[PDB]
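Enquirer: my sequence and its experimental structure, below.
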Amino acid sequence: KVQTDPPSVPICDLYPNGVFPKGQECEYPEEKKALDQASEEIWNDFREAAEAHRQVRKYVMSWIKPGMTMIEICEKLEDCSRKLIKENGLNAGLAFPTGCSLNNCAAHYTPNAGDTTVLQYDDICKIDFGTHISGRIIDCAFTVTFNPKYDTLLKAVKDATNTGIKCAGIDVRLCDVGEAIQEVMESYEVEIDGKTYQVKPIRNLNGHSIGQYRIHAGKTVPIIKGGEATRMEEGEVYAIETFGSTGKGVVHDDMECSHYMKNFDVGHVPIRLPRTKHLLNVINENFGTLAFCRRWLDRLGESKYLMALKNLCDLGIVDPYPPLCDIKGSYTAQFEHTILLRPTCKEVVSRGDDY
Ligand SMILES: Cc1cccc(-c2c[nH]nn2)c1
Ligand SMILES: [Co+2]
Ligand SMILES: [Co+2]
């Protein structure tokens, strides 16, 4: 059919043949084609997830306004996301919680139950959310502002991210991507409220390889010089994301934790403790190795689960991912796209008309 104003028509119902739009195809900076065609169903899954992502974010940009609580923004975004991705257990759904980190906080912040935070006119909000089909995760994010005073900061980071995307490729050394991203990032200077800053990358934050049902596969893409010389390989999927800040350029754990994720390497652990055993079963059935938040547990009817959750974390079965913020008073911005290192080319599968 044809998608409605407020999204409601699943992406699979808009492409009856099962073939989904490709993202932007670029050349790296027959045989290799047969190989590409061999994993076509995989690429296709990534695309379906991206189309869901592109329509969801365009919807968000249409109504996100200061005055709304952070919980309303996330629940409205997630509702639409579940609809378009046509959530089906672990076969299709949300890959991780809706990040909406504010101001000096760069990532991993999503409201828990009872959070009364309200989006403000001067807020710099990072919307980071993902969708997946068969575990093929699409990690893509953008920054939201209402005050044009951040325009230059946003452009700086957007330009740095697209620079990282362009420098990415097969045999490209990872430290060369980080060196490039920083050089562009620091080529920007901004003025916010009578003070000037040279945008700086958040050195302890970075891009990452993506694996099936594993948001952070194992390889990291730095956004500053001095990284590993490890190379990007053929067929890998990468999340290219950069963060710009007017602070120290370093983030630290802060505020209450809302993000949690099962340790991908841990195996079966028999638990006799009633509540802890139940919570783990719920995580395995609903999220598997995909990240989740406390709101997604409340949603499923769970209550009195914090202690059980803490046990799982203490056991090393679940890992907490608290908000990562720069110093108080600073501003941070982010832009992220997922790219596929296909044999015949480089596809920025999450690319949209928006960014
Ligand atoms: C490990 C972990 C937990 C929660 C969210 C992310 C994330 C979001 N965008 N990129 N990475 C990663
Ligand atoms: Co992300
Ligand atoms: Co990411």
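Expert: Nice, thanks for sending it over. Numbering: from 1, shown residues only. Ligands and ions are numbered 1, 2, ... in the order given.
Enquirer: so which residues of the stretch 151-300 of the chain form strands?
Expert: All strands of the stretch 151-300 of the chain, identified by DSSP state E, counting those that start in this stretch, fall at 189-192, 195-198, 200-201, 206-210, 220-222, 237-245, 252-253, 259-262, 292-293.
Enquirer: contacting residues around the last one?
Expert: Contact with strand 292-293 is made by 96-97, 110, 112, 258-261, 283, 286, as judged by CB atoms under 8 Å, 6 or more residues apart in numbering. Every residue, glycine included, has its C-beta placed from N, CA and C.
Enquirer: between the strands of the stretch 151-300 of the chain, which gets nearest to ligand 1?
Expert: When the strands of the stretch 151-300 of the chain are compared by CB to the nearest ligand atom, strand 259-262 sits nearest ligand 1, at 4.6 Å.
Enquirer: on that earlier part again, and the contacts of strand 292-293, which is closest to residue 33?
Expert: Relative to residue 33, the closest of those is residue 96; by CB to CB it sits at 33.1 Å.
Enquirer: show me the domain layout of the protein.
Expert: Domain assignment for the chain by curated CATH domains gives 41-248+328-351, 249-327.
Enquirer: highest mean neighbour count out of those domains?
Expert: Among these, the stretch with the highest mean neighbour count (mean count of other CB atoms under 10 Å) is domain 41-248+328-351, at a mean of 20.
Enquirer: okay, how far is it across it, tip to tip?
Expert: The first residue of domain 41-248+328-351 is 19 Å away from its last residue (CA to CA, to the nearest Å).
Enquirer: now that domain, how far from the chain's geometric center?
Expert: 5 Å (CA atoms, centre = their mean, to the nearest Å).
Enquirer: does ligand 1 sit close to that domain?
Expert: Yes - if you take CB under 6 Å from any ligand atom as the test, domain 41-248+328-351 does meet ligand 1, through 96, 99, 108, 128, 139, 215-216, 239.
Enquirer: now do stretch 251-258
Expert: No - against ligand 1, stretch 251-258 shows no contacts by CB under 6 Å from any ligand atom, the least distance being 9.5 Å.
Enquirer: number the residues from 45 up from this point.
Expert: All set: I'll call the first residue 45, so the last point we hit is now stretch 295-302.
Enquirer: what about that stretch, distance to the chain center?
Expert: Mean-position distance between stretch 295-302 and its chain equals 17 Å (CA atoms, centre = their mean).
Enquirer: give the contact list for the closest residue to ligand 3 within the stretch 195-344 of the chain.
Expert: Among all residues of the stretch 195-344 of the chain, residue 283 sits closest to ligand 3, at 3.8 Å; criterion: CB to the ion. Applying CB under 8 Å, 6+ apart, one finds that residue 283 lies in contact with 183, 251-254, 259, 265, 380-382.
Enquirer: thanks a lot, catch you later.
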